[PDB]
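Working notes, beginning with the structure itself.
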Ligand SMILES: NC(=O)c1ccc[n+]([C@@H]2O[C@H](COP(=O)([O-])OP(=O)(O)OC[C@H]3O[C@@H](n4cnc5c(N)ncnc54)[C@H](OP(=O)(O)O)[C@@H]3O)[C@@H](O)[C@H]2O)c1
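Numbering (the UniProt record's numbering), first residue to last: 347 to 776.
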C-alpha cells in the first residue's frame with residue numbers, strides 16, 4: 347500500500363539511526379560478497395529481462411544500456427568494497443568545532459537526511475550502488491525502477507534483503523509498483539526528504555508540479571561538449587572523440603558536439619574526423635558557420651541544444667577561444683566539458699573560464715560516473731547549483747546539525763553588562 351511503506355521507512359530510519367558503523371559496514375561487506383557468489387542468479391535474471399526486452403524491441407542502444415555483463419559486476423563489487431572500507435566515518439564525524447566562551451562548546455556533526463525517493467531509468471546496474479549508498483548513510487530509501495529490468499530489480503532486491511538478513515532491519519530499502527503509487531506517495535508528504543530522478547525532463551517537470559513542500563535534485567539534461575585547437579595532437583583528438591562517443595552511445599555523459607579552431611579546418615583533420623565517425627557509422631551534422639564554410643557540406647541542423655541520444659553528432663567551427671566559451675555557456679548545460687591543447691596557458695584559461703559541473707584537459711567525456719572519480723558508488727550527476735556538483739557520492743546525502751552545550755549561559759551574558767566575552771577561536775576538531 348502507501349503508508350505501510352512510509353512507516354517501514356521511518357522504522358528503518360530509527361533502526362539505522364541507532365546502528366553503530368560495526369553493523370552497516372559488515373552489512374555492505376556481505377552485500378558485496380553475496381553479489382559475487384550468487385551472481386549467476388542475477389545473471390540469468392537479467393538474461394531473461396534483456397531477452398523479453400529484445401522481444402519487445404525498443405531501441406538497440408537502450409538494449410545495450412539495460413544489458414549487463416560480469417565486468418560491471420566485478421567493478422561494482424570492488425567499488426562497494428571501497429565504500430565499506432572508507433565508510434566508517436560517514437555519520438557522526440564533526441565538520442566544524444569551536445569554543446565561543448569559557449566552558450561552552452559548539453560543533454557541527456553530520457546527520458542522516460531521512461527518507462529518499464529515488465527514481466531512475468532501467469539501468470539495473472545502479473540498484474546495488476544506490477542501495478549501498480543508503481545502507482552506508484543510514485537513511486530510509488524508497489525505490490522505483492523502469493519496468494524493463496523489473497525481474498532483475500526484484501532479484502537484486504532479494505540479494506540486498508538476504509544481506510540485510512544479518513542486521514534484521516529489513517525495511518530501509520524497498521520497491522514500489524507503477525507510477526500511480528509514485529504519485530500517491532509523493533502526495534503523502536511529511537515522510538520524505540528528497541527526490542533523485544536520475545534522468546527525466548518531462549518527469550522533472552511533473553515532479554516539480556507534484557513537489558508540495560519537498561525538494562528536487564537530479565539531472566534533466568546532459569549536453570556535453572568538446573573542443574580542439576591549433577596546439578593539440580591530431581591523434582589524441584581522434585582517439586578522444588572515439589572514446590567519448592563510442593563507449594556508451596547514450597548513457598548520460600556522451601558528448602554530442604565537436605568544436606574546432608578554424609585554422610585547423612585547412613589541416614584536413616576534419617577529413618579524418620569524418621573518416622572515423624563513419625568507421626563507427628555516425629551521421630554527423632553541422633550548423634551555421636560550418637554549413638556555410640564548406641562547398642555544400644553535410645546536412646543542416648535544427649538546434650545546437652537538442653540531445654540526440656544515439657550515434658549522432660554535431661560539428662561547428664569557432665573563430666577563437668572567446669567564441670568557444672560563449673558557445674559553451676550559451677548552449678551547453680554545464681554537465682561536462684572537455685578541451686585538448688598543449689599550451690598550458692589556454693588550458694588553465696579554459697578551466698577557470700568555463701562553469702560546467704566537470705572540466706577536462708586532455709581526457710574523455712566518459713570519465714563522469716562517480717566510480718572512475720574514486721568516489722566509489724554514486725547515485726547520479728547534479729547539474730543544479732545547490733548541495734552538490736557532479737557525481738553525488740556519499741557526502742551528497744548528508745546534512746549538518748548544530749549541537750551546542752554549555753554550563754549556565756544565556757543571551758544577556760554578552761550584553762553591555764555581561765560577564766563573558768566572545769573568543770571565536772576554532773579548536774582542532776577531534
Ligand atoms: N542527458 C542525457 O544524455 C540523457 C540521455 C538519455 C536519457 N536522459 C533522460 O532520461 C529520460 C528518458 O525517458 P525514460 O522513460 O527513460 O525516464 P524514466 O527514468 O524511465 O522515468 C519513467 C518515465 O514515466 C513517465 N511518467 C509519467 N509520470 C511519471 C511519474 N510519476 N513518475 C515517473 N515517470 C512518469 C516519465 O516520462 P516518459 O513517459 O516520457 O518516459 C518517465 O521518463 C529522459 O527524460 C532524459 O531526461 C538523458
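Note that CB positions come from ideal geometry on N, CA and C, so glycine has one too.
DSSP bridge partner residues for residue i (one or two, in chain order)
| i | result |
| --- | --- |
| residue 486 | 461 |
| residue 662 | 605 |
| residue 629 | 658 |
| residue 762 | DSSP, once it has assigned bridges, lists no residue as partnering residue 762. |
| residue 737 | 727 |
| residue 543 | 465 |
Spatially closest choice to residue i from the options, by CA coordinates
| i | options | result |
| --- | --- | --- |
| residue 545 | 465, 443, 382, 588 | 465 |
| residue 461 | 358, 423, 677, 703 | 358 |
| residue 605 | 631, 624, 469 | 631 |
| residue 450 | 776, 751, 361, 548 | 751 |
| residue 391 | 487, 413, 655 | 413 |
| residue 774 | 441, 629, 554 | 441 |
| residue 325 | 541, 719, 383, 584 | Examination of residue 325 is not possible in this model, given that the chain is present from 347 through 776 alone. |
| residue 578 | 613, 549, 548, 553 | 613 |
| residue 538 | 496, 458, 689, 715 | 458 |
| residue 753 | 361, 452, 351 | 452 |
| residue 756 | 767, 531, 568 | 767 |
| residue 702 | 455, 681, 561, 428 | 681 |
| residue 533 | 748, 385, 348, 737 | 348 |
| residue 475 | 432, 352, 422 | 422 |
| residue 647 | 636, 655, 656, 641 | 636 |
| residue 408 | 506, 484, 597 | 597 |
| residue 738 | 748, 747, 717 | 717 |
| residue 645 | 656, 651, 661 | 661 |
Distance cut-off 8 Å: residue i Cβ against heavy atoms of ligand 1
| i | result |
| --- | --- |
| residue 565 | yes |
| residue 672 | no |
| residue 737 | no |
| residue 516 | no |
| residue 653 | yes |
| residue 598 | yes |
| residue 569 | yes |
| residue 550 | yes |
| residue 467 | yes |
| residue 733 | no |
| residue 475 | no |
| residue 292 | Residue 292 falls outside the range modelled here, since the chain spans only 347 to 776, and no answer is possible. |
| residue 555 | no |
| residue 396 | no |
| residue 490 | yes |
| residue 532 | yes |
Cβ separation of residue i and residue j, assumed to be a contact under 8 Å, to the nearest whole Å
| i | j | result |
| --- | --- | --- |
| residue 494 | residue 395 | 7 Å |
| residue 628 | residue 658 | 6 Å |
| residue 515 | residue 363 | 10 Å between Cβ atoms; not a contact. |
| residue 568 | residue 679 | 7 Å |
| residue 499 | residue 543 | That pair is no contact at about 16 Å. |
Cut-off 7 Å between Cβ atoms - residues of its own chain near residue i, not counting five sequence neighbours on either side
| i | result |
| --- | --- |
| residue 509 | 373, 376, 377, 380 |
| residue 589 | 710, 712 |
Same chain, Cβ closer than 6 Å to residue i, neighbours up to 5 away in sequence not counted
| i | result |
| --- | --- |
| residue 558 | 535 |
| residue 463 | 488, 538, 541 |
| residue 722 | 425, 428, 429 |
Beta-carbon contacts of residue i that lie in its chain and below 8 Å, excluding the five residues immediately before and after
| i | result |
| --- | --- |
| residue 772 | 442, 443, 444 |
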